[PDB]
Amino acid sequence: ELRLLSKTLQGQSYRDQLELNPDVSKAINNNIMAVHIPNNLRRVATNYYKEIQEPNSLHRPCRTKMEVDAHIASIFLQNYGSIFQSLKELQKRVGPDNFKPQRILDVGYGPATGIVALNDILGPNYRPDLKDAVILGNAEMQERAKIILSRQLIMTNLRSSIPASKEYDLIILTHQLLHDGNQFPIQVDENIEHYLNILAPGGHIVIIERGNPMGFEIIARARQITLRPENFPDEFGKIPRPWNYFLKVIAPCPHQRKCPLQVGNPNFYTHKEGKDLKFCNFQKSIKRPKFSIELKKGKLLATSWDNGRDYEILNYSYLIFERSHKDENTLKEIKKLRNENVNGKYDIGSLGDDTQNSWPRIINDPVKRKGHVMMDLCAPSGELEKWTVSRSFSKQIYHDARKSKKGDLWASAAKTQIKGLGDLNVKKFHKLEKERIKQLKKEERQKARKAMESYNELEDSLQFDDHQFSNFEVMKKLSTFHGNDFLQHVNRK
RNA sequence: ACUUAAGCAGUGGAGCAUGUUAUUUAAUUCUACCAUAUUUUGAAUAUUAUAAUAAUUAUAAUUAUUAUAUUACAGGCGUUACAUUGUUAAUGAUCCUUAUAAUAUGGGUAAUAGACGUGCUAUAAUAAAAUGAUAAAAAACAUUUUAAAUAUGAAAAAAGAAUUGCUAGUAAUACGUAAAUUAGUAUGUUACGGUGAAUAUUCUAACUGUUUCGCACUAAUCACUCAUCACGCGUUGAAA
RNA sequence: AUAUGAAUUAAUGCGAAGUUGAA
Ligand code: SF4
């Protein structure tokens with residue numbers, strides 16, 4: 001626990017090692033797995049892992065009870081850390097006082113997972129009115145969710161579908177903005193819109209995803225459709241955005257403008273040219289409990305599939321929105337803020353409003369050498385930035401930057417604040433796609449003359465009938481002519 | 001059909017070794033890190049000048065060299081969320097230039113509540129110790145002694161989860177030899193030979209692919225369909 | 001009887017996101 005500076009404290013993110021409640025670990029390893037002989041649980045967990053090892057895949061509901069317990073094993077470990085960190089980010093950014101939500105909803109394939117994390121977070125003295133929690137996967141998951149929640153302090157209401165006769169002030173989503181690899185662009189909009197309807201005034205939505213390029217794509221698309229950066233050009237900073245309804249981003253994003261890292265299609269992470277592309281992931285460390293230690297052992301699961309750790313480094317992407325309060329106050333407040341005080345063109349190097357909301361976020365592990373720390377930042381201006389701190393520019397700023405880590409908000413000035421030039425090829429890619437759209441319309445027009453001259457050549461020497469073109473090849477042209485015709489037909493659809 | 005049950009061979013609580021994590025720290029780097037002093041064209045190339053040296057022209061002019069200044073800069077174990085080549089360091093781009101460069105001293109990389117992996121040695125008598133034939137790229141044989149926390153071990157005894165392999169020149173060997181990294185270090189890896197067993201498979205079995213049936217499922221059983229509970233809007237039917 | 005209106009009243013159609021059963 002370092003002195004650093006008071007501002008550096010608010011800037012820093014929760015870096016402590018993660019741990020499950022010992023009661024919960026004892027409960028799981030005593031009941032949920034002791035009856036099961038470990039081999040079958042390991043087999044079903046391995047099955048679950050193998051079908052996500054595929055590039056840019058998505059997680060799936062747990063079909064059968066053995067897969068149910070295997071999901072309790074493998075993914076509770078990861079999702080608990082993800083939610084715990086994201087909720088800590090939320091609590092700290094909004095302040096510890098504003099976060100006393102009464103109406104609580106959690107959606108995810110796992111057990112009541114946001115519920116347990118929230119309980120552990122704000123402590124065992126917390127007894128709201130409502131603690132609804134839907135479990136998508138299986139009925140057998142709810143009894144084990146009850147088992148887990150019993151050891152903590154039940155009022156949690158285990159459902160199977162979203163109750164839609166009530167609004168909520170706190171909502172958590174885990175792996176819910178998509179369910180199919182295909183249909184990716186649009187299911188995110190449908191799913192998010194489904195939940196934004198049931199977010200009460202002043203509430204918060206906390207979305208957590210896998211943290212691989214597909215997941216980053218999901219968060220980026222959700223942010224784009226919700227904020228709509230293009231609808232408010234030249235508007236820097238964070239003012240709530242429409243979607244009598246208004247929403248703003250709490251974290252990780254430090255700007256409401258477009259995401260600099262967004263490339264539209266996940267599949268292009270799979271190409272040779274996409275071998276250096278980068279995405280807004282976020283790592284954390286959590287120490288393995290007994291069962292994982294007992295579980296992740298054997299040739300099947302504890303070897304190179306072809307030394308051990310006490311902990312897992314989990315990747316996840318996440319997003320948060322804060323909702324404004326329905327009132328004669330907030331609406332006019334937002335309207336006037338958008339009218340009379342634009343926050344100007346925040347320059348590269350700027351710190352935004354110089355409050356925790358608009359601080360640059362450290363989106364890569366800072367690289368540290370003698371005297372100087374360099375940082376890769378998503379800036380409140382919104383461009384990728386390399387900021388270098390030195391012993392020269394100061395001693396204290398160097399001290400703080402030299403303890404800086406990924407996922408922290410850096411909150412000071414630097415001697416150089418240049419653009420993050422490297423792997424900004426997403427901006428080069430934004431050119432390529434727009435090239436295609438304009439030149440796509442040349443493609444059909446080229447294809448017209450390409451096929452016309454081919455057939456005009458055909459008819460000349462087939463009307464003249466010298467038949468220099470072979471019977472095999474001539475009938476090949478006719479195949480191309482009609483085949484090209486049909487392919488144009490369906491492309492209209 | 002792994003695996004299990006059996007039989008056999010074992011290993012598994014102790015320590016260290018070797019790492020990792022955490023916590024701690026001014027650092028506990030990823031000599032490269034911390035504290036205190038201390039150097040600013042520095043390491044090179046060029047410019048432009050005053051000093052000597054030469055060569056010329058004519059003391060001066062020029063050219064060099066050599067110093068001293070001279071600033072472009074040099075320098076950077078800075079960057080790959082800095083690229084392209086090259087390979088399995090370079091160019092470029094950018095960043096620092098009383099500092100991110102340079103030197104010195106000391107300190108750290110070895111801190112220790114914990115936690116986990118990898119191996120070696122132990123815990124005695126179908127087995128250790130002392131003494132006396134054979135390889136490829138010494139165990140063996142012989143004799144004797146041998147306590148009961150020792151004369152074992154260089155805490156460790158009793159019981160457990162776990163786990164490794166199962167006819168084979170395989171396992172195991174308190175059997176050794178050798179190579180590379182190396183100025184020096186191996187309990188790590190690699191090969192390389194010598195000796196050469198035990199023991200038998202009722203059983204269970206996920207996963208598992210074929211499959212058979214039905215389907216009203218087609219995002220595929222969390223599938224779809226049906227009924228309930230509420231809100232409004234209609235349509236028609238009787239009517240004192 | 002052929003119509004036209006009616007307090008009172010029967011059934012059913014639709015749709016909004018859902019709520020409840022497991023036919
Ligand atoms: S790069 Fe910045 S804007 Fe994009 S998702 Fe990450 S934090 Fe948000």
# chains A, B, ... in the order shown; residues from 1 in each chain; ligands from 1
$ residues_near_ligand --ligand "ligand 1" --cutoff "7 Å" --atoms "only C-alpha atoms (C1' of nucleotides) and all ligand atoms" --output "count of residues only"
15
$ residues_around --residues "region 1-15 of chain C" --least-positions-apart "6" --cutoff "9 Å" --atoms "only C-alpha atoms (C1' of nucleotides)" --output "list in words"
residues 233, 234, 235, 236, 237, 238, 239 and 240 of chain B
$ write_last_selection --atoms "C-alpha atoms (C1' of nucleotides)" --output "PDB file, in the first residue's frame"
ATOM      1  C1'   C B 233     -59.419  -1.400 -28.368  1.00  0.00           C
ATOM      2  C1'   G B 234     -63.258  -3.734 -31.299  1.00  0.00           C
ATOM      3  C1'   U B 235     -67.204  -7.210 -33.404  1.00  0.00           C
ATOM      4  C1'   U B 236     -71.508  -9.683 -32.809  1.00  0.00           C
ATOM      5  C1'   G B 237     -75.647 -11.682 -29.553  1.00  0.00           C
ATOM      6  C1'   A B 238     -80.013 -11.003 -25.912  1.00  0.00           C
ATOM      7  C1'   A B 239     -82.568  -7.465 -23.741  1.00  0.00           C
ATOM      8  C1'   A B 240     -86.599  -4.649 -18.875  1.00  0.00           C
TER       9        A B 240
END
$ select_by_dssp --residues "region 17-65 of chain A" --states "helix (DSSP H, G or I)" --output "tab-separated table (two decimals) with C-alpha atoms, in the first residue's frame"
chain	number	residue	atom	x	y	z
A	22	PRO	CA	-13.95	-18.84	2.22
A	23	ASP	CA	-17.48	-19.88	3.16
A	24	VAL	CA	-18.36	-20.14	-0.54
A	25	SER	CA	-15.22	-22.10	-1.43
A	26	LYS	CA	-15.86	-24.49	1.45
A	27	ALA	CA	-19.49	-24.85	0.36
A	28	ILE	CA	-18.67	-25.61	-3.26
A	29	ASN	CA	-15.88	-28.09	-2.57
A	30	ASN	CA	-17.93	-29.78	0.17
A	31	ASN	CA	-21.26	-30.19	-1.66
A	32	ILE	CA	-21.25	-29.35	-5.36
A	38	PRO	CA	-13.86	-35.61	-10.11
A	39	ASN	CA	-13.19	-37.35	-13.43
A	40	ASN	CA	-16.61	-36.71	-14.97
A	41	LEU	CA	-16.62	-33.06	-13.90
A	42	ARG	CA	-13.18	-32.61	-15.45
A	43	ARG	CA	-14.36	-34.25	-18.67
A	44	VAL	CA	-17.40	-31.99	-19.06
A	45	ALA	CA	-15.34	-28.90	-18.18
A	46	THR	CA	-12.81	-29.94	-20.83
A	47	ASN	CA	-15.63	-30.32	-23.35
A	48	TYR	CA	-16.80	-26.80	-22.52
A	49	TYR	CA	-13.27	-25.40	-22.85
A	50	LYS	CA	-12.55	-27.11	-26.17
A	65	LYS	CA	-26.38	-31.11	-15.03
$ closest_residue --among "B:137, B:46, B:220, B:16" --to "residue 121 (chain B)" --atoms "only C-alpha atoms (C1' of nucleotides)"
B:16
$ closest_residue --among "B:144, B:164, B:150, B:59" --to "chain A" --atoms "only C-alpha atoms (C1' of nucleotides)"
B:164
